[PDB]
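Chemist:
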Amino acid sequence: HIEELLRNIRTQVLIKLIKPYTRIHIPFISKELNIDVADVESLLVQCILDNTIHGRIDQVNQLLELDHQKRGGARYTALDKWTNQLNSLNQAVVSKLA
Amino acid sequence: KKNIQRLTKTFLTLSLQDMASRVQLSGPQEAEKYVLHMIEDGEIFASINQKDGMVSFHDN
Amino acid sequence: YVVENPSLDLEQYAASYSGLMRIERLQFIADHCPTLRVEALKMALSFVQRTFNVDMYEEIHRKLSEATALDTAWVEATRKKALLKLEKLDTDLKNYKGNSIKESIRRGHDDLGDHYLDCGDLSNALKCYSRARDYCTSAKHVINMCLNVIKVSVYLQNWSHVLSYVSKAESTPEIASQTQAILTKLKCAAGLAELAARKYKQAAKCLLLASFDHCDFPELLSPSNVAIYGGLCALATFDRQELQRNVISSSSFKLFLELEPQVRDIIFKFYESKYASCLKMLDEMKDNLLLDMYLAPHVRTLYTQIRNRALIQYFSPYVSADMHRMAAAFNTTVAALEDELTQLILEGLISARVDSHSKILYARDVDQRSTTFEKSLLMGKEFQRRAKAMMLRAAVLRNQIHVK
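Each protein sequence line maps, in turn, to chains B, C and A.
Each residue of the first sequence is one higher than the one before, starting from 346 at the first, in PDB author numbering.
Each residue of the second sequence is one higher than the one before, starting from 304 at the first, in PDB author numbering.
Quick note, the third sequence lines up with residues 35 to 102, 125 to 232, 240 to 467 if you use PDB author numbering.
This is the structure we're talking about:
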């Protein structure tokens, strides 16, 4: 069961470390977690695929971009819904008889 | 023109030689002139780089 | 379906079953394995010599003769003495129904149906069992009759009727210690019917509830192929948030996965983002899988959906992926990967853009405000056009214009 350990603690450290960052370097995480680049990338991929870390990995520049964006534009989606409904009502009125 | 426009929904930078293989225009020069004509009419948003012979799609 | 030249053991595979079902599967092998014809047909003949086969026995016999005689004395034995046996059974069905004893009539119909199944006349046995239906007056009697009807209808290849009978058998005697053989039997039959009905998700959902200790039924399917079906269906139609709860952490399925290490390895490697090895072992398992009935038709689609799911899952955590590593991990060239990605993007599964100058797949972020404004403007223009159209219509429908 020691393999389950040395991974939960690393995950907790990674979550606690990348909280205030928006663009972090993967080698920095590798230095902090005392593991090589490949294991850090695998851990990040596994964490992201489990809907635990809100971020993405840029493989070209070896970067991790967090999600301190996407403000509350819920208004917009509401408008979209309205538009759809309006379109439907249109088909009801024009094609009633003539 | 429809095929060229559909190409812009998947590709961000396409070589002219590769481009004149899916739309079947048989020649990079003909593809270049078609893309230039399409740009002049505002149907597409693209730029031609003659150094590498590549078309880059902006879509902004 | 032909020219596959695979390798597969036939002794232990056929030894896991009993009755005419074995012969059926053997026939399927003879249809799909041109290299194993002689030995498979010889073993099928050896098995069928014990049974009461009449028409399909000569079928397989002349098929193997043409591929490369018959003990004609026991063929006469079959026809005349077995028709004497049929006369005896008919006679004692009349004898038993003369006293009108419900259990006696049920037993007579059951024996007649079993003999018809052994002789290949199960089509009439279905009508005999639907007749015996009227003589069932107990909960266990009904359960047994629906199990037998499902069994004989599996041989008929009518999956809708089998599913309807499974549903009515689960719903009639208020469903539910007692032996779980009946529950496992009905669940496995429903899963097979749904798999044959091009509904993989429901088959996987209703097949995962089996138990290894209660899986003792060498007449429909072995636990090995049950585990294979469950694993493949879960890997192809279950998302990541549902594969972990029911296929990974579910303790009931550990026994099945331990029985077949390879499918467990495939599932675990897919769950751990190891796609090269998973795809390689899938490719090497395809040859064996092509010889399974209730599977050979729907194999290509399953593999395609597994590969597409792997492609989406690989790119899910990335924002800019180099396609050289992507092609290396998927055991394919860059051009084939580019074509597959283009097809996926056109279909509408991955929102990404391909850059061929540096061979990089970039993620695409949609500007919500811009698309909202564009959609609203388009809807407004469409509504104005429709309004003017209808108003012209009202102008022309009021003056009585009808093209006489």
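Just so you know, even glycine gets a beta-carbon here, dropped at the ideal spot from N, CA and C.
Report yes or no: is there a C-beta of chain A within less than 8 Å of the C-beta of C/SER324?
Modeler: As a working note, residue 324 of chain C is residue 21 in the second sequence. With 8 Å as the cut-off, C/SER324 does not count as an interface residue toward chain A.
Chemist: Go ahead and pull the three-state DSSP assignment for A/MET356.
Modeler: Stepping through the third sequence from its first residue, residue 356 of chain A is reached at position 293. Looking at A/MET356 - three-state DSSP - the assignment turns out to be coil, as it is neither helix nor strand.
Chemist: For A/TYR381, which residues does DSSP report across the bridge?
Modeler: Sequence index remark: in the third sequence, residue 381 of chain A carries index 318 (1-based). Answer is B/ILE402.
Chemist: If you scan the segment 413-462 of chain A from start to end, which runs of the alpha helix (DSSP H) of 4 or more residues do you find wholly inside it?
Modeler: With a minimum length of 4 residues, the continuous alpha helix (DSSP H) runs that stay inside the segment 413-462 of chain A are 431-460.
Chemist: Starting from A/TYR381, find everything on chain B with Cβ-Cβ shorter than 7 Å and list it in chain order.
Modeler: Counted from its first residue, the third sequence places residue 381 of chain A at position 318. The contacting residues are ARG401, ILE402, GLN404.
Chemist: Comparing C-alpha positions only, which one of A/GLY169, A/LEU270, A/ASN309, A/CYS175 sits nearest to A/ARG189?
Modeler: Within the third sequence, the letter at position 133 stands for residue 189 of chain A. Selected option, being the one with the closest Cα: A/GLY169.
Chemist: Check for me: the beta strand (DSSP E) holding B/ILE369 runs from which residue to which?
Modeler: Residue mapping note: residue 369 of chain B aligns to position 24 of the first sequence, counting from 1. Here the beta strand (DSSP E) through B/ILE369 covers 368-370.
Chemist: Residues of the segment 402-418 of chain A with a CB closer than 7 Å to any CB of chain C: list them in chain order, please.
Modeler: Residues passing the 7 Å Cβ filter: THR405, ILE408, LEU409, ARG416, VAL417, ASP418.
Chemist: Using the C-alpha atoms, what's the distance from A/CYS202 back to A/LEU249?
Modeler: Working through the third sequence from its first residue, we reach residue 249 of chain A at position 186. Working through the third sequence from its first residue, we reach residue 202 of chain A at position 146. Computed Cα separation, rounded: 9 Å.
Chemist: Which residue's Cα is closest to the Cα of A/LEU342: A/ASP174, A/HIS95, A/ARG372, A/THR147?
Modeler: What you label residue 342 of chain A is simply residue 279 of the third sequence in a count that begins at 1. Ranking the options by Cα distance to A/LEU342, first place goes to A/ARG372.
Chemist: For chain A, check one thing: does any of its Cβ atoms lie closer than 8 Å to the Cβ of C/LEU328?
Modeler: The count along the second sequence starts at 1 and reaches residue 328 of chain C at position 25. No - not a single Cβ of chain A is within 8 Å of the one on C/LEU328.
Chemist: Do you know how far the Cα of C/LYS354 is from the Cα of A/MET453?
Modeler: As a working mapping, residue 453 of chain A is identified with position 390 in the third sequence. As a working mapping, residue 354 of chain C is identified with position 51 in the second sequence. So the two alpha carbons sit approximately 55 Å from each other.
Chemist: Rounded to whole angstroms, what's the CA-CA distance from B/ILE369 to B/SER387? Just pull it up for me.
Modeler: As a working note, residue 369 of chain B is residue 24 in the first sequence. As a working note, residue 387 of chain B is residue 42 in the first sequence. If you take the alpha carbons of B/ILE369 and B/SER387, they lie about 16 Å apart.
Chemist: So which residues of chain A does C/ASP321 contact, with C-beta pairs closer than 8 Å?
Modeler: In the second sequence, counting from the first residue as 1, residue 321 of chain C sits at position 18. Residues of chain A passing the Cβ test: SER419.
Chemist: For a contact meaning CB atoms closer than 9 Å, what does B/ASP425 contact in chain A?
Modeler: Residue 425 of chain B sits at position 80 when you count from the first residue of the first sequence. By Cβ distance, chain A contributes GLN431, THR434, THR435, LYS438, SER439.
Chemist: Since A/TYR377 and A/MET389 should fall inside the 8 Å C-beta cutoff, what is the C-beta to C-beta distance between them, to a whole number of angstroms?
Modeler: Working through the third sequence from its first residue, we reach residue 377 of chain A at position 314. Working through the third sequence from its first residue, we reach residue 389 of chain A at position 326. About 7 Å separates the two Cβ atoms, so the contact holds.
Chemist: Could you tell me if A/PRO286 is buried or exposed, where buried requires 16 or more neighbouring beta carbons within 10 angstroms of its beta carbon?
Modeler: As a first step, residue 286 of chain A is located in the third sequence; it is residue number 223 there, counting from the start. A/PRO286 is buried by the Cβ-count criterion.
Chemist: Between the alpha carbons of B/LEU442 and B/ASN432, how many angstroms are there, rounded?
Modeler: To locate residue 442 of chain B, count along the first sequence from 1; it is residue 97. To locate residue 432 of chain B, count along the first sequence from 1; it is residue 87. Their Cα atoms are separated by approximately 18 Å.
Chemist: Alpha carbon to alpha carbon, what distance is there between A/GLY293 and A/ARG363?
Modeler: Against the third sequence, residue 363 of chain A aligns to sequence position 300. Against the third sequence, residue 293 of chain A aligns to sequence position 230. So the two alpha carbons sit approximately 17 Å from each other.
Chemist: Looking at the structure shown, is C/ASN363 part of a helix, part of a strand, or coil, going by DSSP?
Modeler: Walking along the second sequence from the start, residue 363 of chain C turns up at place 60. Here C/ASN363 sits in coil by DSSP.
Chemist: Do you know offhand how far A/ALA398's Cα is from A/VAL417's?
Modeler: Your numbering for residue 398 of chain A matches position 335 in the third sequence. Your numbering for residue 417 of chain A matches position 354 in the third sequence. Near 12 Å, if we compare the C-alpha coordinates of A/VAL417 and A/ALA398.
Chemist: Sort out for me which residues DSSP pairs C/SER350 with in a bridge.
Modeler: Position 47 of the second sequence holds residue 350 of chain C. C/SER359.
Chemist: Compare the beta carbon distance of A/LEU295 and A/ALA252 with 8 Å and say whether it is the shorter of the two.
Modeler: Taking the third sequence and counting its residues from 1, one reaches residue 295 of chain A at position 232. Taking the third sequence and counting its residues from 1, one reaches residue 252 of chain A at position 189. Not a contact, by the Cβ cut-off of 8 Å.
Chemist: Since B/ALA383 meets chain A, which of its residues come closer than 7 Å, beta carbon to beta carbon?
Modeler: Start at 1 with the first residue of the first sequence, and residue 383 of chain B comes out as number 38. Correct list: empty, because the minimum Cβ distance to chain A is about 12 Å.
Chemist: Please name the residue or residues paired with B/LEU409 in a DSSP beta bridge.
Modeler: Residue 409 of chain B sits at position 64 when you count from the first residue of the first sequence. Looking at the DSSP assignment, B/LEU409 forms a beta bridge with B/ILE369, B/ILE402.
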